[PDB]
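Inspection log for the structure reproduced underneath, given as structure tokens.
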Amino acid sequence: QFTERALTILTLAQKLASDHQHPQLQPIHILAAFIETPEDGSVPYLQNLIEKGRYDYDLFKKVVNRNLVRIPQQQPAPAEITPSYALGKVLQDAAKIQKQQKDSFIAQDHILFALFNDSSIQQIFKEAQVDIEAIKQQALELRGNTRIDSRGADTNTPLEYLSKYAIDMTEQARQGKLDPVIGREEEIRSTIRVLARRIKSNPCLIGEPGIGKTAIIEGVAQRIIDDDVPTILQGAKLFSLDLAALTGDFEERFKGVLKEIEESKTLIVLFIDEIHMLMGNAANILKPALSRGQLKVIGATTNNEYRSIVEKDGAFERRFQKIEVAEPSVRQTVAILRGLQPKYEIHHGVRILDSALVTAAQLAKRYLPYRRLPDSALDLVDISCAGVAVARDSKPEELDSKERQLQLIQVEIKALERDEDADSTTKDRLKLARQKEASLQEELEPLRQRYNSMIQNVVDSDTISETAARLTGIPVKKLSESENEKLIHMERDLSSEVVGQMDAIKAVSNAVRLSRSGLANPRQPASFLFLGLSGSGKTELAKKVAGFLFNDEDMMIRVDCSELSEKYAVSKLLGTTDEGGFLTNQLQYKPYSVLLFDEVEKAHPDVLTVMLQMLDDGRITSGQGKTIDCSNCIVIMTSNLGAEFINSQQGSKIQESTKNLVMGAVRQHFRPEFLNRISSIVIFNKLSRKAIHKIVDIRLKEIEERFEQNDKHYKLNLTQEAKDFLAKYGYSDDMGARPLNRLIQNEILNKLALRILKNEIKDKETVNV
Amino acid sequence: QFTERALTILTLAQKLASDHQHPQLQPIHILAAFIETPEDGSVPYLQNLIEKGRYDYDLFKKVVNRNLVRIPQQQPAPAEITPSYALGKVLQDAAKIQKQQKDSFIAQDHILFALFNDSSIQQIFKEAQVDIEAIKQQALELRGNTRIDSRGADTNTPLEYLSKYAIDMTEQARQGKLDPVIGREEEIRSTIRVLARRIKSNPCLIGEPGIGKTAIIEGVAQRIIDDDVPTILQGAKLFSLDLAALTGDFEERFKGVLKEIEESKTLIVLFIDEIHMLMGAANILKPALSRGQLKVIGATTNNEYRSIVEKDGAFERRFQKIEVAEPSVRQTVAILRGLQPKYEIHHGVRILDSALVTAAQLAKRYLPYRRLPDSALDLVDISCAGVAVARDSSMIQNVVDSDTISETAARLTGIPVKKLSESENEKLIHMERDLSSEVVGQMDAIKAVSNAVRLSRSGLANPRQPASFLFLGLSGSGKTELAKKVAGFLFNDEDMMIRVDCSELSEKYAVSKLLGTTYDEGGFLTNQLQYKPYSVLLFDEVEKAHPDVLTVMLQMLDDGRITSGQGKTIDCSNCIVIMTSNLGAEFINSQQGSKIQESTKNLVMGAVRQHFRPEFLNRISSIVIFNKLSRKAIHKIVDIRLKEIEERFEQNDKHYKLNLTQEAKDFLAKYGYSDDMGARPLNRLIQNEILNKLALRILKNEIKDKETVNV
Ligand SMILES: Nc1ncnc2c1ncn2[C@@H]1O[C@H](COP(=O)(O)OP(=O)(O)NP(=O)(O)O)[C@@H](O)[C@H]1O
Ligand SMILES: Nc1ncnc2c1ncn2[C@@H]1O[C@H](COP(=O)(O)OP(=O)(O)NP(=O)(O)O)[C@@H](O)[C@H]1O
Ligand SMILES: Nc1ncnc2c1ncn2[C@@H]1O[C@H](COP(=O)(O)OP(=O)(O)NP(=O)(O)O)[C@@H](O)[C@H]1O
Ligand SMILES: Nc1ncnc2c1ncn2[C@@H]1O[C@H](COP(=O)(O)OP(=O)(O)NP(=O)(O)O)[C@@H](O)[C@H]1O
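See the structure below:
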């Protein structure tokens with residue numbers, strides 16, 4: 006029976022016979038129904054069955070232009086009020102070729118197929134078209150199996166199906182649309198290598214999103230249109246799925268392509284993005304036909320996505336090769352960074368300095384966990400591009416904002432200036448707010464000098547820096563010193579925190595360099611187990627550590643063994659059975681990071697055994713199966729074991745002696761393998777007033793941080809006795825004045841807050857004990 | 006007036022007859038002027054209502070200039086000098102179809118329409134313009150309502166129903182029709198920035214709505230049409246969808268609109284607004305966006321991100337998310353003073369910052385809920401309303542602090558006088574004695590906690606981290622009230638206190654407290675804080691509370707802003723979190739002999755010190771034993787009771803005066819203190835041996851009203 010789009014074909018010739026009011030359904034109605042518009046966009050029109058198969062239709066188009074118009078006038082109701090069995094025998098008569106394409110029901114060409122019998126102008130010049138086979142011929146010769154039922158434009162497009170969802174960039178290659186690629190070359194060649202196997206030509210590409218997996222396909226095709234596509238392979242071209250909404260459940264559509272491309276005679280390839288579809292329920300789709308052994312297909316993924324269906328299946332594995340895509344090198348980046356370097360700056364109407372370009376690739380490489388320098392660099396770049404190119408675009412937004420920066424404060428002081436009042440009046444406030452606009456007054460003439535944008539080239543710095551500042555912050559560290567001088571001065575830097583343990587610090591400062599230069603295996607943690615008490619820097623140190631190292635407090639990550647006596651491989655994120669992502673998340677949130685474990689001395693067979701992997705390889709597996717870099721991660725361990733011996737530090741015990749004395753204890757608590765990935769273990773020993781009162785002062789230093797800093801400007805007084813009193817009552821042998829630290833506020837802040845409440849403190853008014 | 010678009014042709018039709026310098030303007034002229042070239046950029050060719058209505062113009066493209074070259078040539082001034090009312094009627098004659106097809110001005114169809122008589126090949130073979138046949142036919146095909154104004158873009162299927170559901174604000178921009186948002190360019194800084202990425206132009210305002218999110222998009226369109234957007238962006242334009250939702260299912264129009272715009276020369280960026288949605297979609301509105309095209313902007317809460325962006329991440333791969341931050345005071349004060357002139361004249365009044373900031377101040381505290389600037393305005397509006405309501409039934538138009546604050550505040554809540562009164566200073570200072578009210582003794586926490594919480598406020602420590610309390614005593618000592626006292630003191634409410642018993646909390650209760658959608667409930671914890679961001683949390687048997695608990699308690703201990711299970715994170719700090727343990731009941735035996743607290747405290751802590759990850763402990767502001775009754779309490783506890791006597795009763799309700807023997811103190815005080823339960827049981831008793839013993843006189847009237855008796 007007819008296609009609904011034949012019906013839609015019918016709709017038009019009718020709609021024609023409706024709008025153009027033809028009183029009956031005649032032979033020649035359906036050409037306008039056929040032809041979309043003078044385009045060949047109808048399978049009947051030019052690229053059509055007709056013109057190439059036997060005779061040109063554009064002629065029999067050109068002439069029927071009148072035939073359409075030679076229809077007589079009608080009045081409103083009667084136009085085409087009849088099915089016109091004279092025409093309408095095709096209701097039955099079109100059944101000729103409907104199935105003979107190996108199909109279900111009748112189609113455009115196929116209703117037309119019976120029209121060479123029915124609809125035609127068969128005359129001195131016979132206007133009847135491709136004659137005996139030629140239609141059916143070209144019905145097959147163009148697509149063929151062109152339709153099934155009612156669905157999709159009846160003999161849609163110039164050919165048939167596919168081309169809607171068939172997407173070829175060899176075109177875009179030969180159209181130049183495609184980015185050149187780098188460095189996946191033999192990788193492609195390996196993908197290319199996949200392709201010869203009568204067993205499996207079908208790759209799967211394992212690795213991070215955004216890595217270029219699709220952009221990979223460029224060079225794939227690029228080298229294909231380069232005819233670096235080899236012999237067997239040359240015949241194919243680019244095709245891959247652009248996931249279409251099925252628009259009940261229409262995967263038949265998506266079944267449609269299958270034999271279509273199968274019939275299509277290996278002229279193209281199939282690539283599939285990521286979900287290679289595992290429906291929660297559609298299950299096998301194409302899979303057996305996919306399993307047939309024709310149908311070249313490309314897979315791509317990262318680990319767990321791969322881990323999704325095939326682990327069930329294995330037939331994909333049985334039907335594919337999985338191929339990791341390594342996150343490309345920074346210079347791979349740097350290189351192909353330059354690829355669209357000209358592009359995006361011209362996309363963004365600007366210029367670039369590779370200085371930044373490498374610089375991000377330098378810097379950003381560390382600092383975006385999720386996205387990938389394989390892109391994110393560029394992503395920074397477009398980012399780098401825009402705002403500055405925006406600082407070019409509408410004018411600088413800075414110019415455009417410098418009108419806004421005053422814009423309210425000029426009209427907000429209105430209410431201040433509306434009526435004189437006893438509070439906000441012109442005594443101070445109306446003059447006070449005048450300083451902001453005065454601070455905003457001085458840019459204009461110096462800045463208007465610039466344009467009346536010039537920066538076109540990306541700055542190195544801000545394009546990283548300011549953007550990094552946009553991205554994270556504290557540029558000054560990210561600004562200049564890289565990897566290095568931090569080290570030399572690290573200790574003396576870290577010497578801030580608590581003196582003593584300096585060697586350990588040195589060892590740390592050592593081990594971090596062990597953590598660098600790659601001498602020590604660049605796949606390996608930085609393994610740190612610490613001895614001491616509360617207050618002692620298991621307490622503390624990590625605070626400085628990443629703050630030094632990663633410049634953060636929170637790369638430091640908290641873990642308590644006390645929590646974990648038995649199963650926490652359960653909540654480690656076990657294999658989903666309820667989502668334990670924490671540990672994973674902890675990195676999965678935070679890759680360049682510092683790992684504090686608490687109660688480590690109590691670490692239970694579970695937690696320790698993954699510590700081994702943590703100890704291992706600088707990588708961390710998941711329960712879901714993902715493995716995750718520990719190398720750039722720093723590990724931190726509370727150990728109070730020799731607390732005895734720690735307490736014995738009353739004697740200020742010979743450290744190593746008491747260390748040895750300790751060692752057995754920890755030596756007991758831990759298998760050597762643990763012990764033998766440990767890059768160091770150190771006490772955090774006795775404290776000197778020298779230390780103490782400074783450490784005391786250390787918080788005293790930072791009191792301001794909000795207070796005199798981001799709020800009060802309070803001018804600080806302390807009596808040295810108090811400064812000693814701090815130690816004196818406050819310092820706890822075992823726990824330090826860290827307890828007193830919690831107290832501090834009481835004897836300090838509230839004591840002030842009291843005055844604050846009082847107002848005997850006005851700003852800088854200060855009286856202490 | 007004629008349509009510009011029409012007149013664009015019309016004068017160009019006058020220009021048409023001018024180029025060949027025609028002698029006269031005559032019917033078949035503009036048949037050339039309607040068409041630059043066969044492109045649908047000239048609709049009269051194909052997209053014309055005639056080619057679809059009656060006469061296709063393809064070959065009929067042939068004849069138009071054939072006449073206008075065969076017009077007798079003229080010289081410049083007589084060219085376009087005449088309407089030649091035969092044609093000159095088309096000026097008026099174009100106004101005929103605006104009737105039957107319902108239009109107002111004279112449009113491209115209309116200028117066309119009038120022509121339908123002689124503008125043509127009119128012969129035995131007539132290739133011409135049918136009169137009503139092509140247009141009223143296809144003037145619905147085209148459009149279906151054509152008429153807007155002489156102004157505007159093409160009047161022939163420009164996306165298909167371009168406006169059919171997305172207003173152009175760049176209209177109102179170019180029209181200057183919206184109060185330009187303020188402090189918003191740094192947002193815009195994102196936007197334009199967000200844009201030029203060939204990867205993702207796609208901004209998303211992500212976070213609790215109601216800040217006036219897309220209001221920000223104003224300047225966008227403005228600075229679009231201000232030319233304050235850059236060259237990449239200047240061709241683009243800004244519309245905002247209006248959902249036409251009906252029913259097969261029109262959302263293919265929601266697809267069709269797509270087929271408009273990127274196919275429209277991507278000449279816009281549509282702003283999608285608040286819900287960007289897998290229908291509770298698949299590929300809808302993605303595919304061309306997904307095509308790496310379709311420059312477009314959505315926004316929503318985190319939650320939908322937290323919902324839908326959890327479903328894909330290609331959205332993340334489609335979009336750049338952008339956080340939204342409800343303005344602080346001045347950040348608000350902008351929109352305040354920005355909109356201060358506005359609704360005062362909108363709602364017909366006038367304003368002072370007097371209330372304005374204060375509203376912002378007070379409301380943002382005391383309005384619990386929404387985005388202050390909104391609500392502040394909303395307040396202000398309704399503040400401005402009630403006064404305007406008060407005004408015309535008008536000694537004021539301008540509005541000041543007080544009722545605009547307070548009544549309105551009261552109209553929100555109540556007790557202006559407090560909210561009126563204090564900047565917390567006295568509430569800081571004299572609270573000493575004032576807090577001292579409820580609990581005799583335990584001046585320590587009284588001293589401390591107040592002073593402490595005084596220090597908890599002022600922000601001299603983490604701006605985000607709350608006032609943190611775990612307490613010691615016996616439940617029944619008034620501490621709980623003391624909270625409610627102090628909350629009621631501070632927060633001007635008891636309900637600030639919130640009840641979750643650690644006894645109710647076993648292990649998996651971390652569910653029932655709160656949860657990631659799935665039951666699906668407002669995290670009960672939040673759900674009240676979510677309701678009431680300024681509040682108090684006293685949770686006891688903390689000892690039972692299972693350290694599974696404390697992690698959020700930690701968060702709650704921490705940082706003063708607290709996630710939901712769905713993740714929504716909200717201020718802890720402006721609520722106060724309180725705990726007790728019963729541990730020291732043993733050690734209480736010391737203070738049962740009133741014995742040295744610190745001594746036993748030292749003893750005491752070890753207990754609690756044994757019970758927790760230290761951090762838990764180590765957040766708390768302080769922890770305090772609450773001593774058992776000295777007589778001082780009792781008679782005051784009596785006074786308390788005495789106070790809750792007279793509440794409504796000894797006058798407004800009962801009107802019965804009350805005297806007491808010292809027995810009436812002592813007879814209680816005899817049984818006053820339960821060991822465990824203190825006066826708490828007794829506090830029930832006056833109900834009985836007194837009130838219900840008075841029910842004697844009461845239930846009868848037996849001795850008269852206003853009497854005063856004891857036992
Ligand atoms: N080797 C490359 N050559 C050219 N462009 C590249 C290359 N790698 C990445 N890109 C660009 O990166 C952008 C998209 O990266 P993409 O190829 O999607 O990474 P991906 O790992 O393939 N993510 P996806 O394939 O979508 O799952 C496009 O603009 C590409 O042009
Ligand atoms: N090595 C140190 N570096 C910095 N601050 C230190 C150090 N030792 C003591 N302090 C002081 O202690 C404060 C922080 O103590 P903190 O590290 O939080 O204890 P903790 O984290 O609870 N760990 P713990 O003592 O083992 O229970 C700092 O602000 C300093 O005033
Ligand atoms: N900077 C600003 N200046 C002035 N008015 C503003 C500003 N920001 C927001 N608004 C107001 O915010 C109100 C709401 O705008 P809108 O952007 O839709 O809010 P919203 O946060 O998006 N709420 P919703 O649309 O439900 O998500 C408007 O009345 C604007 O006037
Ligand atoms: N010194 C006091 N000041 C104020 N109220 C007190 C005092 N001593 C006891 N109370 C009363 O003790 C009762 C409850 O004390 P409270 O602090 O609420 O413990 P609790 O947590 O409520 N235990 P419970 O009453 O069983 O729920 C209230 O009726 C208070 O009035």
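Residue numbers (the authors' numbering), protein chains in the order written: chain C, 6 to 252, 259 to 292, 297 to 467, 535 to 659, 666 to 857; chain B, 6 to 252, 259 to 291, 297 to 409, 535 to 659, 665 to 857. We put the beta carbon where it would ideally sit given N, CA and C, even for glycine.
Ligand 6 heavy atom lying under 8 Å from the CB of residue i
| i | result |
| --- | --- |
| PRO604/B | Ligands present in the displayed structure are limited to ligand 1, ligand 2, ligand 3 and ligand 4, and ligand 6 is not among them. |
Sequence-distant residues of its chain with Cβ nearer than 6 Å to residue i (five each side left out)
| i | result |
| --- | --- |
| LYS337/B | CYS209, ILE211 |
| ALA38/C | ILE14, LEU17, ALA18 |
| residue 474/B | Examination of chain B shows a numbering gap from 409 to 535; residue 474/B is inside it and therefore has no coordinates. |
| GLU41/C | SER47 |
From the options, residue whose alpha carbon lies closest to that of residue i
| i | options | result |
| --- | --- | --- |
| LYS417/C | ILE102/C, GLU273/C, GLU452/C | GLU452/C |
| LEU596/C | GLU458/C, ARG765/C, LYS654/C | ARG765/C |
| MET725/C | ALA241/C, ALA91/C, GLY582/C, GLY614/C | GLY614/C |
| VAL594/B | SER719/B, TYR385/B, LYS747/B | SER719/B |
| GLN347/B | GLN422/C, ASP284/C, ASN592/C, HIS25/C | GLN422/C |
| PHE331/C | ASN299/C, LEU167/C, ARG777/C, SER681/C | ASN299/C |
| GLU853/B | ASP821/B, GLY818/B, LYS800/B | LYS800/B |
| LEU775/B | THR160/B, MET751/B, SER820/B | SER820/B |
| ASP247/C | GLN19/C, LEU167/C, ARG381/C, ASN728/C | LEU167/C |
| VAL580/B | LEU51/B, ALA139/B, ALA825/B, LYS846/B | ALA825/B |
| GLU132/C | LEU92/C, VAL69/C, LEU655/C, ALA376/C | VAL69/C |
| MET638/C | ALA171/C, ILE722/C, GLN701/C, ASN834/C | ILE722/C |
| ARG465/C | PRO411/C, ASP434/C, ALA430/C, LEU576/C | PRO411/C |
Cβ shell of residue i (< 7 Å), same chain only, five flanking positions each side left out
| i | result |
| --- | --- |
| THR549/B | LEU395, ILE398, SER399, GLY402 |
| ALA158/C | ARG10 |
Within the chosen definition, does the stretch 111-129 of chain B reach the stretch 151-165 of chain B through at least 3 CB pairs nearer than 8 Å? yes
Mind listing which residues of the stretch 393-419 of chain C have their C-beta closer than 8 Å to chain B's C-betas, in chain order? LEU393, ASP394, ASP397, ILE398, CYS400, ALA401, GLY402, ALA404, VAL405, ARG407, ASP408, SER409, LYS410, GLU412, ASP415, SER416, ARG419
For the 8 Å Cβ check, are there 3 or more pairs between the stretch 392-401 of chain C and the stretch 191-203 of chain B? yes
Residues of the stretch 221-237 of chain B with Cβ closer than 8 Å to any Cβ of chain C, in chain order: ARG228, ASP231, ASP232, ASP233, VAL234, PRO235, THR236, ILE237
Where the stretch 124-143 of chain B meets chain C: residues whose CB sits under 8 Å from a CB there: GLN142, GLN143
Report yes or no: do three or more beta-carbon pairs, one from the stretch 339-357 of chain C and one from the stretch 372-380 of chain C, lie closer than 8 Å? A contact between stretches requires three or more CB pairs, one per stretch, nearer than 8 Å, and the stretch 339-357 of chain C meets this requirement with the stretch 372-380 of chain C.
Is there contact here, the stretch 123-142 of chain B with the stretch 47-58 of chain B, by at least three beta-carbon pairs under 8 Å? At 8 Å Cβ cutoff, the stretches touch.
Check distances from the C-beta atoms of the stretch 599-632 of chain B to those of chain C and list, in chain order, the residues that come in under 9 Å. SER599, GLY600, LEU601, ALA602, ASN603, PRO604
Residues of the stretch 780-802 of chain C whose Cβ lies closer than 8 Å to any Cβ of chain B, in chain order: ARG794, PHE795, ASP799, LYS800
Does the stretch 174-183 of chain B come into contact with the stretch 220-234 of chain B, if we say contact requires no fewer than three beta-carbon pairs (one atom in each stretch) closer than 8 Å? Judged by pairs of C-beta atoms under 8 Å, the stretch 174-183 of chain B touches the stretch 220-234 of chain B, as three or more such pairs exist.
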